[PDB]
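The chain below stands alone and is given as structure tokens, in the form deposited in one PDB entry.
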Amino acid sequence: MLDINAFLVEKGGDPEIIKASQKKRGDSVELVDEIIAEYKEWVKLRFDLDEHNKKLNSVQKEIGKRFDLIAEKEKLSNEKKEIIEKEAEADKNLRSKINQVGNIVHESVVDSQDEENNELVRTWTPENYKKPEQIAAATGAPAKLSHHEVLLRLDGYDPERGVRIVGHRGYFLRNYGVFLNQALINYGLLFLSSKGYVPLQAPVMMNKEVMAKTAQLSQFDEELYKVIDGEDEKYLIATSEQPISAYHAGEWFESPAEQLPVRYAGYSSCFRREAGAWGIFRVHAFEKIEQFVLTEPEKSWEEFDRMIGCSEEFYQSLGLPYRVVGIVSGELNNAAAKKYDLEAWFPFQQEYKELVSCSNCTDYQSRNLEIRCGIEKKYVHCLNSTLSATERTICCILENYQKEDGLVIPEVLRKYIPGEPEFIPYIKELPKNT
């Protein structure tokens, strides 16, 4: 969340800047004024408390000199009890309100509630692909089949037995489906580590209290599965960004010039209660390689560019056309000050679909997790960016690498697959011949 002092002009803050940000987000502006007011009640309480302490010590010294005053003592004391309780209430209410206020929207971000206004940052195409159309980019073939249809014809997954065993959108991966998923995971880890990222495989369960410090309210009552562990409860993570963001909680980069940046290639499975048609594009459980980076506050915008640059390079290496768009303010989650999505071309769908989101969260989370930077307190900046949601990335590959008789295996992935096939044939026909 934001620093309390950010709301307070007497402590160098600028609440107008917060109101402007709130408005760009399409969130509550009045929340700022409530916060300022609640803070004043807390301050009033603290003074009354401060005054009671001084009065109590003073009156006890008078009682001492007597070797009626005592009646006043019990009175100040009973009032102090109330004040202490009220102060705690005010502090609690203040913090819960502050918790509702989103990170300051960066000035570069487009101010709008309508994604039609997303900024078009850049467009990339493989050199033999003239422009985005209904043509598989890597093969030049008609993009005849959707990703789920290519995957069905390859016998690369099982949604039907999947649905029977775990319900809606459940799936097994089969054969080359398995090999392609692993290929992306391992190619992804190799790609980031060669760029100095530290591979980090995160646990997929998290204690409630840690999760609450890194993920926003909406995330719980909607996105996360709860786990019952006898009498205890944990959450399944939606992304390794959650546990990895907390990896350095309560730590201090006291020599940041030398110690930062820290870059993690996070890997884990991911679980989302909200998913949605057919296929492995939007499902409840999937794997992801995630970039998570801590930097000095002064260096995060530059890092942001480097990180989206890593993802771009990655997709280029897979030969997948894409565009990068700057998400409008009304669509940023609370922590993000700025967000770029890389959206790759799906030639059957004939549309760009999101494969990567990259966000600079400045010190919004690090403030909560108490991750300090250097010598009020100064915190690191935290950034996160998808490298690959692997099943979804497989979907993009399926559409762009299809041809009449099967699937060309992206060259960079071949070494990761037994036999290093350059091509794998369709095994099955669809109930819809043409």
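In this text, residue numbers run from 1 along the sequence as written.
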Report, from the record, the number of residues in the deposited sequence between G276 and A277 that have no coordinates, as none, 1 to 3, 4 to 9, or 10 or more. 4 to 9
On mean Cα temperature factor in this entry, is 181-189 or 77-85 the higher one? 77-85
Mind pulling up the entry and telling me whether 107-115 or 338-346 has the higher mean Cα temperature factor? 107-115
Member of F304, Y264, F220, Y352 with the greatest C-alpha B factor (per the PDB record): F220
With respect to the C-alpha temperature factors reported in the PDB entry, which of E241, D229, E133, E312 ranks highest? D229
Could you tell me which third, lowest, middle or highest, the C-alpha B-factor of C373 occupies within its chain? middle
Within this chain, which third does the Cα B-factor at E38 fall in: lowest, middle or highest? highest
If you rank the chain by CA B-factor, which third does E127 end up in: lowest, middle or highest? highest
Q100 - which third its CA temperature factor falls in, relative to the rest of the chain: highest
Chain-relative C-alpha B factor for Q60 (record values, thirds): the highest
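What comes next is about the form deposited with a small molecule bound, which does not appear here.
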Consider the chain as shown here, without its partner, and state which of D155, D91, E85, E354 has a heavy atom within 4.5 Å of the small molecule in the bound PDB entry. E354
Considering non-hydrogen atoms and a 4.5 Å limit, which listed residue (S311, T239, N360, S245) is close to the small molecule in the bound PDB entry? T239
Within 4.5 Å of the small molecule in the bound PDB entry, all of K288, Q316 and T386 (non-hydrogen atom): yes
Could you tell me which stretch in 209-217, 253-261, 295-303, 279-287 has residues with non-hydrogen atoms within 4.5 Å of the small molecule in the bound PDB entry? 279-287
Should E274 be counted as a contact of the small molecule in the bound PDB entry, where contact means heavy atoms within 4.5 Å? yes
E411 within 4.5 Å of the small molecule in the bound PDB entry, heavy atoms: yes
How about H381: is it within 4.5 Å of the small molecule in the bound PDB entry, going by heavy atoms? no
Could you confirm whether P199 comes within 4.5 Å of the small molecule in the bound PDB entry, counting heavy atoms only? no
